[PDB]
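What follows draws every value from the coordinates through simple rules; no lab data is involved. Cβ placement follows ideal geometry from the backbone for every residue including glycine, while neighbour counts extend to all protein chains displayed.
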Amino acid sequence: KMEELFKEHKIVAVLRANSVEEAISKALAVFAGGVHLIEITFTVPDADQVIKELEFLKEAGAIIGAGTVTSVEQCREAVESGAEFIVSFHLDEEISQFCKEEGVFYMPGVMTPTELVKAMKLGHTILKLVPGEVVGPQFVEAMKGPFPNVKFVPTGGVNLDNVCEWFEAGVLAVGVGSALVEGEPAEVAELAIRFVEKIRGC
Amino acid sequence: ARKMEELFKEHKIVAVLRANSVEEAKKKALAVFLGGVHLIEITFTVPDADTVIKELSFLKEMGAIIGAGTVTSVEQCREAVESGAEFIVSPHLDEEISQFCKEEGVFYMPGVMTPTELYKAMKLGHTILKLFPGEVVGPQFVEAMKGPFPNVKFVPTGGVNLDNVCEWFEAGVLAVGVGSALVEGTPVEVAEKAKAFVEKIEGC
Amino acid sequence: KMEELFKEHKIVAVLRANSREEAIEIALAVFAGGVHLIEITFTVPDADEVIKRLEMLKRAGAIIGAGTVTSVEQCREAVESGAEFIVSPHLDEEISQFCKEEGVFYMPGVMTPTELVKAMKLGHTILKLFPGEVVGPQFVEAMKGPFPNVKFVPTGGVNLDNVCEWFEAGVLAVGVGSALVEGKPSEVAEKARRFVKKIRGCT
Amino acid sequence: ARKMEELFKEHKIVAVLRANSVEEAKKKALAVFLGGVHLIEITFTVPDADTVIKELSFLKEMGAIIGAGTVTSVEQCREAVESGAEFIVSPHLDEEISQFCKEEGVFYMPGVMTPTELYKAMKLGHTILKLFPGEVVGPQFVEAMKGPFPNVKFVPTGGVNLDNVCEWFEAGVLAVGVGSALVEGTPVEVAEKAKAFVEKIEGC
């Protein structure tokens, strides 16, 4: 029931780190701050162990998935690491079919109307929107018309100053990083709390 | 059908109608026509879209042209064609719809957003394309594709208000599609609002 | 009202780290696990910076206090950082009076009936029982007779194996250090979970 | 042709020129050459582009590099290669041209605008891509794609004037393609304007 969880939480933290240990510390600060959806970038060194070592948070209520997945092999590795969902930056039929059979949630990435339609034909109703800073909220509010049954989760172009604008456009959730993720755990937790407070009044 | 190039060139405006009722769709279509807009399309985002496109023979007799919008499949296209739609418009490029329309002899105008999509639509014989969303790309994508694609005409559908209208036409567009900025509110207001668009596009 | 907060949560995390940075990382792991009442001892380096930094957690529902307060000037310094409550291992009237004037919840430590009486007649109905490992749950039960209106929050001798024995005796809350906080954040968060998990069963 | 990466990195600028005659094309190519621009692209929108490339051989001897731009077909590519074009540039991604160029051993730089087109282009072995229209996506695209695609090098075309040339370099762009902002008017204007571009790029 991922749309029942994305719709409820309304925010996803995208994590990247200089090491495995750093990734764990950041994940804890983010979780403590009230963000339960965590995406681990899979194009970094290690990565595999970050998802596996964060297992202890899953019992607590964290949902950890894998992001920036390019290849099928990466998808396979993310899955046995126990990733609950995969997010890419391009529609990929091989990953889609693999996840469909496996029982893994996949969010394909789109930028244009043609890509959007080709993803629906595969049964995708929740699409990632990239780059968020290029298309903006007025992309989301427009596709609303011709495609009333499609929801977006954008990354980039989103921060505390304009986060509520994306929700007015009609996004299901927003993915955030650096603006949400950086600096010491002491500061990361504080950022995570200011974001959940703005998204809760909008 | 080449006749469509002249029809678009002459009228320079297309009304895109959306509705949650057959009764209002008809009434809005009339007000838009009354205001001086002859190119009208009924989208398939509305109820018995096929019912609306057939109850409008009395406008066809007056020189109006009724087409179908937001056609996303072959089945919707087929239904629109047998309903009397003179042209088919889609948000994206689709080869199956294109082939169907070609066999039928129905004018088809696919949507593009990128230079790659632009080329592949052109390769299928489509020289008139819909630019969508026209707020994300803007009048600067139409003055850049005059180089590599000198024989392509655009009809932008998205963000066209009485303010921009004259910036898009200086960019070399064939016609502009207008949505809620043209069709909204009561029939009386729509008729006058449509008139405003026809007149401002006569100056520029 | 801190007397109500203690009753609702039923556990207090007592955090003594070996550095400012560790104190913060542990506090986050403990909070992430389920513990909302956290007290920071003055044995921690730059303890006053840790209590003023974790201010940001209060808006998330956290409660931050200070422990091992052995003097009135340590008490004063903490109430400035933002300590919501003061805990000291022994009864100290200088702290007692200071806190009363400031309006800060103060919980003095006792071990004997003599200390209990002189503390409770000073206005303290909630006492810290310390060391809990020495007196045991039998102390808490025995006191019910002569002191029916005195509640305890014992520190030390509390583990997952006997946490529900203290609640059977009739404690208000349990103060857990070492067993809860010792180790890296990924282990602290997990241990904190079971402490909150077991107490929900028995209490 | 791995050598091409080095040539682009060292020069950091490409002059993309258009003309209504071979005489204009030749004079414009010379003007930018003296201005300090060694990478020159001759578009196939010019009716005698193959003649221009052939006759500019005398600059090749001087260390100039002459390529072919706006190639939208295999047939145009074939002619460009025979004329001595050192590289082929297209507005979009063509598999047909990519394969032809690979067999010939001619450097090919396809255009992209989206992350999906970007991924598909690199599956064919293309690590250097043209970003087009640069003015539509902007420098933010280059930064966004420097995450998931850390080994991709961009060369934007359009949107490059003396104001931004140094905001495009801050994004980690390999080189910038400059059109009418560099090549416009007669040779003494063009040569000096071209020099101004080279001076600023040395600054950032």
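Total residues in segment A:7-35 satisfying the condition of being free of Cβ contacts under 8 Å to residues at least 60 places away in the same chain and within 16 Å of C:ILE26 (Cβ to Cβ): the figure is 4.
Restricting segment C:28-75 to residues that are more than 24 Å from A:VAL188 (Cβ to Cβ) and not in a loop (DSSP other than H, G, I, E, B), which is farthest from the other protein chains (Cβ to nearest Cβ)? Step by step, filter segment C:28-75, then rank; the result is C:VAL72.
Of all the criteria given as (1) crowded, with 17+ Cβ neighbours inside 10 Å; (2) out of contact with any helix residue (DSSP H, G or I) (no Cβ under 7 Å at 6 or more places or on another chain); (3) within 14 Å of chain A (Cβ to nearest Cβ), the one not satisfied by D:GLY179 is (3). Exactly one residue among D:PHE100, D:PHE169, D:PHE154 is farther than 28 Å from D:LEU30 by Cβ, of a type in the set (A, V, I, L, M, F, W, C) and surrounded by fewer than 20 Cβ atoms within 10 Å (Cβ to Cβ), and that residue is D:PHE100.
All of (1) touching an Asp or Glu at 6+ places or on another chain (Cβ under 9 Å); (2) farther than 19 Å from C:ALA13 by Cα hold for C:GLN74 with one exception: (1). Of the residues C:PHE130, C:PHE152, the single one that is surrounded by 20 or more Cβ atoms within 10 Å (Cβ to Cβ), out of contact with any helix residue (DSSP H, G or I) (no Cβ under 7 Å at 6 or more places or on another chain) and not aliphatic (A, V, I, L, M) is C:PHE130.
Here's the yes/no breakdown for (1) under 24 Å from C:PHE31 (Cβ atoms); (2) touching a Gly at 6+ places or on another chain (Cβ under 9 Å); (3) touching a residue at least 12 places away in the same chain (Cβ under 8 Å):
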position: C:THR114; (1), (2), (3): no, no, no
position: C:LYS118; (1), (2), (3): no, no, yes
position: C:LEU122; (1), (2), (3): no, no, yes
position: C:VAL174; (1), (2), (3): yes, yes, yes
position: C:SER186; (1), (2), (3): yes, no, yes
position: C:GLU190; (1), (2), (3): yes, yes, yes
position: C:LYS198; (1), (2), (3): yes, no, yes
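Any chance segment A:101-116 includes a residue that's away from chain D (no Cβ under 14 Å) and either over 30 Å from A:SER81 (Cα atoms) or among the polar types (S, T, N, Q) (or both)? No: segment A:101-116 contains no residue that is away from chain D (no Cβ under 14 Å) and either over 30 Å from A:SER81 (Cα atoms) or among the polar types (S, T, N, Q) (or both). Here is the figure for segment B:47-71: residues that are surrounded by fewer than 20 Cβ atoms within 10 Å (Cβ to Cβ) and part of a loop (DSSP other than H, G, I, E, B) total 8. A single member of B:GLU5, B:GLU24, B:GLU10, B:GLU41 is free of Cβ contacts under 8 Å to residues at least 40 places away in the same chain and either part of a loop (DSSP other than H, G, I, E, B) or closer than 21 Å to B:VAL155 by Cβ (or both), and it is B:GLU10.
Could you list all residues from segment D:11-31 that are over 14 Å from the mean Cα position of the chain (by Cα) and either surrounded by fewer than 16 Cβ atoms within 10 Å (Cβ to Cβ) or away from chain B (no Cβ under 14 Å) (or both)? Matches in segment D:11-31: D:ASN20, D:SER21, D:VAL22, D:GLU23, D:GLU24, D:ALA25, D:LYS26, D:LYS27, D:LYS28, D:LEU30, D:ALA31. On the given criteria, is A:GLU102 buried (at least 17 other Cβ atoms within 10 Å of the Cβ), acidic (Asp, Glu) and farther than 26 Å from B:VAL136 by Cα? Judged against the criteria, A:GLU102 is not a match. What about B:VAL137, is it facing another protein chain (nearest Cβ under 7 Å) and in contact with a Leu (Cβ under 8 Å, 6 or more places away or on another chain)? Judged against the criteria, B:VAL137 is a match. Within the bounds of segment A:3-21, is there any residue that is buried (at least 24 other Cβ atoms within 10 Å of the Cβ), of a type outside the set (A, V, I, L, M), within 11 Å of another protein chain (Cβ to nearest Cβ) and in contact with a helix residue (DSSP H, G or I) (Cβ under 9 Å, 6 or more places away or on another chain)? The answer is no, given that none of the residues of segment A:3-21 is buried (at least 24 other Cβ atoms within 10 Å of the Cβ), of a type outside the set (A, V, I, L, M), within 11 Å of another protein chain (Cβ to nearest Cβ) and in contact with a helix residue (DSSP H, G or I) (Cβ under 9 Å, 6 or more places away or on another chain). Residue-level check: of (1) under 18 Å from D:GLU5 (Cα atoms); (2) among the small types (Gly, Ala, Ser); (3) surrounded by fewer than 16 Cβ atoms within 10 Å (Cβ to Cβ), D:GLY111 misses just (3). Scanning segment C:74-105 for residues that are more than 21 Å from C:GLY132 (Cα to Cα), among the aliphatic types (A, V, I, L, M) and over 13 Å from the mean Cα position of the chain (by Cα) yields C:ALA78, C:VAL79, C:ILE95, C:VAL104. Taking the criterion of being among the charged types (D, E, K, R) and either within 9 Å of chain A (Cβ to nearest Cβ) or touching a residue at least 24 places away in the same chain (Cβ under 8 Å) (or both), the residues of segment D:140-166 that qualify are D:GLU143, D:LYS146, D:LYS153. Restricting segment C:185-197 to residues that are in contact with a helix residue (DSSP H, G or I) (Cβ under 6 Å, 6 or more places away or on another chain) and more than 9 Å from every other protein chain (Cβ to nearest Cβ) leaves a set whose member that is farthest from C:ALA23 (Cα to Cα) is C:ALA192.
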